[PDB]
Amino acid sequence: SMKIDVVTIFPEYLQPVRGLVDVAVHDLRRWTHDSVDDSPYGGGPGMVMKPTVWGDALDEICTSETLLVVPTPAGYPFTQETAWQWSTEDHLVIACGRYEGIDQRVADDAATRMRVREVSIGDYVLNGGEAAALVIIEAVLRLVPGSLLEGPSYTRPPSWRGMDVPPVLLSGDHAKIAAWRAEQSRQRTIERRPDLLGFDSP
Amino acid sequence: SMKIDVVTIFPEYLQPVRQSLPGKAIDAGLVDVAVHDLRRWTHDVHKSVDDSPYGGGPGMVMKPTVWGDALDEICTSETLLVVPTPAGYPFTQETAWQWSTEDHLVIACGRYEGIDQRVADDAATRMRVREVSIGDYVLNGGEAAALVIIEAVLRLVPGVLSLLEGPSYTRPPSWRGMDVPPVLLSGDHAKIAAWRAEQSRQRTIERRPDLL
Ligand SMILES: Nc1cc(-c2ccc3ccn(Cc4ccc(CN5CCCC5)cc4)c3c2)n[nH]1
Ligand SMILES: Nc1cc(-c2ccc3ccn(Cc4ccc(CN5CCCC5)cc4)c3c2)n[nH]1
Numbered sequence: 000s001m002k003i004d005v006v007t008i009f010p011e012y013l014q015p016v017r028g029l030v031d032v033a034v035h036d037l038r039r040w041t042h043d047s048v049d050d051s052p053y054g055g056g057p058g059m060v061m062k063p064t065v066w067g068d069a070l071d072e073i074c075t076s077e078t079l080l081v082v083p084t085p086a087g088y089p090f091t092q093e094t095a096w097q098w099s100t101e102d103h104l105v106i107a108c109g110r111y112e113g114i115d116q117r118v119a120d121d122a123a124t125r126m127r128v129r130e131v132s133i134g135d136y137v138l139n140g141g142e143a144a145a146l147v148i149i150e151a152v153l154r155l156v157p158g177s178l179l180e181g182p183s184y185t186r187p188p189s190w191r192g193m194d195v196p197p198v199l200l201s202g203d204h205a206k207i208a209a210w211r212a213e214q215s216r217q218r219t220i221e222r223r224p225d226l227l228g229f230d231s232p
Numbered sequence: 000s001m002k003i004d005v006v007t008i009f010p011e012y013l014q015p016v017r018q019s020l021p022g023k024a025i026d027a028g029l030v031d032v033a034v035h036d037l038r039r040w041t042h043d044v045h046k047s048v049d050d051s052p053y054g055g056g057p058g059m060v061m062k063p064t065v066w067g068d069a070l071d072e073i074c075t076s077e078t079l080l081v082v083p084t085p086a087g088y089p090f091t092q093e094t095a096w097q098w099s100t101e102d103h104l105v106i107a108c109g110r111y112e113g114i115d116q117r118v119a120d121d122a123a124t125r126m127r128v129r130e131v132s133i134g135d136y137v138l139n140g141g142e143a144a145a146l147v148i149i150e151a152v153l154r155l156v157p158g159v160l177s178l179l180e181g182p183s184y185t186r187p188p189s190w191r192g193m194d195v196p197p198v199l200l201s202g203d204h205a206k207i208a209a210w211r212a213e214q215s216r217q218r219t220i221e222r223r224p225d226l227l
């Protein structure tokens, strides 16, 4: 049983999300009183989301049991292990930033009352936290109760455009098939992700 | 001027992207994102897109005949065919930069446990094909990966949308007992830059020692 709350200034972006799990999307601007962003102290390009609005939003939504998830390019890596870890949480709150990010004090303040996880979903830059939220939600929820690269998969027909399914997969020999698949996995891993087997990246 | 075609059995999942595009860029002909329902190319009354894996095992595999027809209609010789997969080459910022100058991206979104490998292998005999992973976690299908790829690429296309960056701060100068680091208000911009650099080094050591 999991509750997921997503906070964003673009709630519409989260529509792709659609009894053992409930997911709610909140418009951050609901906690304003008049602008959610301003220029950075110390200078630099772009804008930073003000801590004040976030503090009030999170005050209302989070408890001490909450795991606060903050997507950011500068985060710890979100991996499959992370997904397994979070899959048994009662309450995830995902704080989606925009512009150049969120004032650091939001996470620091929250960390005094709850567990906080700043995470990156990969080494590329998004325009905001929303797409990362969608990725995180999908990877976690598919694990809720209720390494190596996988090799190629095939289905019917056995011959297509003059391209044959590898004959071993048609042979019915479970041992020879398990062996071939293991080999295909290790070969693909060497080629595409040598780091997974402890080798230098290309 | 970039065309993006996305093929998926869940076209509604890609709704955020098309909304995410400002009208100015579309009307300037800078970008056009089209989403296609894969079932348009099914052959049977049951609109079947999947079938059991050869060699056995769990899950299902998407049919090559359906995908073949779809890509035949949508792709040209100039297409960069992007196929999200947990087993793909890593999609990185360098990739996003490379793809940002492409004329035509076609993103083939799998579901179930993936697409019959002959689809990509056949396509690769007449166009450039890139099987890519967006991170070391498993999704339910290619659609979320397509969203990420589209967003990361398009924000690098003019006017369409190393160490870790350190913390950012804005008003107010004091909030819930926490002060903005005084150096940032010092007006010593050489010192500010060095402070930021050290924050960056520190954060990279703590969170991403792999980058060092
Ligand atoms: N794994 C992953 C996570 C994200 C992500 C998550 C939340 C937000 C909120 C705003 N942005 C946009 C954003 C932020 C910082 C910069 C500036 N930085 C300097 C160097 C690299 C970039 C540019 C643009 C997010 C991005 N992207 N990728
Ligand atoms: N970077 C990234 C990309 C994706 C992605 C992309 C396309 C599809 C199409 C179907 N699926 C779901 C899915 C579920 C289980 C298996 C089984 N495999 C065996 C063990 C590991 C997994 C494969 C595939 C996708 C996933 N996920 N993560």
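Chains as they are written, first to last, in the entry's author numbering: chain B, 0 to 17, 28 to 43, 47 to 158, 177 to 232; chain A, 0 to 160, 177 to 227. For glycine and all other residues, C-beta sits at the position ideal for the given N, C-alpha and C.
Supposed contact pair residue j and residue i - C-beta distance, whole angstroms, cut 8 angstroms
i, j, result
"residue 150 of chain B", "residue 143 of chain A", "5 angstroms"
"residue 193 of chain B", "residue 102 of chain B", "That belief does not hold up - the Cβ atoms of residue 193 of chain B and residue 102 of chain B are roughly 49 angstroms apart, past 8 angstroms."
"residue 198 of chain A", "residue 206 of chain A", "6 angstroms"
"residue 20 of chain A", "residue 30 of chain A", "6 angstroms"
"residue 8 of chain A", "residue 38 of chain A", "6 angstroms"
"residue 147 of chain A", "residue 138 of chain B", "7 angstroms"
"residue 63 of chain B", "residue 115 of chain B", "4 angstroms"
"residue 117 of chain A", "residue 87 of chain B", "No, residue 117 of chain A and residue 87 of chain B are not in contact; Cβ-Cβ is about 38 angstroms, not under 8 angstroms."
Three-state secondary structure assigned by DSSP to residue i
i, result
"residue 195 of chain A", "coil"
"residue 49 of chain B", "strand"
"residue 16 of chain A", "helix"
"residue 42 of chain A", "coil"
"residue 159 of chain A", "coil"
"residue 206 of chain A", "helix"
"residue 228 of chain B", "coil"
"residue 23 of chain A", "helix"
"residue 8 of chain B", "coil"
"residue 89 of chain A", "strand"
"residue 70 of chain A", "helix"
"residue 63 of chain A", "helix"
"residue 189 of chain A", "strand"
"residue 219 of chain B", "helix"
"residue 75 of chain A", "coil"
"residue 37 of chain B", "helix"
"residue 179 of chain A", "coil"
"residue 80 of chain A", "strand"
Contact with chain A by residue i, beta-carbon distance below 8 angstroms
i, result
"residue 50 of chain B", "yes"
"residue 217 of chain B", "no"
"residue 112 of chain B", "yes"
"residue 64 of chain B", "yes"
"residue 229 of chain B", "no"
"residue 183 of chain B", "yes"
"residue 7 of chain B", "no"
"residue 95 of chain B", "yes"
"residue 15 of chain B", "yes"
"residue 298 of chain B", "Missing from the structure shown is residue 298 of chain B; chain B here goes from 0 to 232 and no further."
"residue 121 of chain B", "yes"
"residue 11 of chain B", "yes"
"residue 125 of chain B", "no"
Cutoff 8 angstroms: residue i Cβ touching any chain B Cβ
i, result
"residue 0 of chain A", "no"
"residue 180 of chain A", "yes"
"residue 103 of chain A", "no"
"residue 60 of chain A", "yes"
"residue 41 of chain A", "no"
"residue 129 of chain A", "no"
"residue 98 of chain A", "no"
"residue 176 of chain A", "Missing from the coordinates is residue 176 of chain A; the shown part of chain A jumps over it, going from 160 to 177."
"residue 115 of chain A", "yes"
For the region 98 to 145 of chain B, which segments carrying the beta strand (DSSP E) assignment without a break, of at least 3 residues, lie completely within its bounds, in sequence order? Qualifying beta strand (DSSP E) stretches, in chain order: 103 to 107, 127 to 132.
The region 132 to 153 of chain A: which residues have C-beta closer than 7 angstroms to a C-beta of chain B, in chain order? Taken in chain order, the members of the region 132 to 153 of chain A whose beta-carbon sits within less than 7 angstroms of a beta-carbon on chain B are 133, 134, 135, 136, 137, 138, 139, 143, 146, 147, 150, 151.
Please list, in chain order, the residues of the region 67 to 83 of chain B that have any C-beta partner in chain A closer than 7 angstroms. Considering only beta carbons, the part of the region 67 to 83 of chain B lying closer than 7 angstroms to chain A consists of 67, in chain order.
Cβ-based contacts, 7 angstroms cut-off: residues of the region 188 to 206 of chain B near chain A: Per Cβ criterion, the list reads 190, 191, 193, 195, 199, 200.
Cβ-based contacts, 8 angstroms cut-off: residues of the region 20 to 41 of chain A near chain B: Residues of the region 20 to 41 of chain A whose Cβ lies closer than 8 angstroms to any Cβ of chain B: none.
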